[PDB]
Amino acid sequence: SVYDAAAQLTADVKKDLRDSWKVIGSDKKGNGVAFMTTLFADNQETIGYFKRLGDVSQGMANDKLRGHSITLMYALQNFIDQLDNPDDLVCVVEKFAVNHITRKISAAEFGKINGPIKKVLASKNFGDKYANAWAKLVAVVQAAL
């Protein structure tokens, strides 16, 4: 249940998401592409889903991948801004879920993004505490898949 999942976003979890997002969200292009390339490096089996992007191994040099990556960061930006209103958070999460449901992405495969996020945050000096806070936000989307 997406509503129960959303209820998991307590005061301290929301604070950690905001604090960390201030840093990660400052460089959407850089951190967005980092999220994606790490995903393709740690989970090669997911690469097939991104056929439209072309050769994802080109990383930042791939215009389609860059455009996709930036936009992805704005989806996360959207979530952060809706944290105060669970009713609004839920409707945007369900909107993005559809984008993935139509691409045949399960909750399990969607969860594979947790690995990249934890790594990127770690390189930014943000540990498990923050990695776990983000896992909860991700869990909200997984509940709609």
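Residue numbers run from 1 along the displayed sequence.
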Residue stretch of maximal mean CA temperature factor, 113-121 vs 88-96: 113-121
Comparing 72-80 with 57-65, the one whose average Cα B-factor in the PDB entry is higher: 57-65
Chain thirds of CA B-factor: placement of residue 34: lowest
Lowest, middle or highest third - CA B-factor, residue 12: middle
Within-chain third of residue 22 by Cα B-factor, per the entry: highest
B-factor third for the C-alpha atom of residue 141 within its chain: lowest
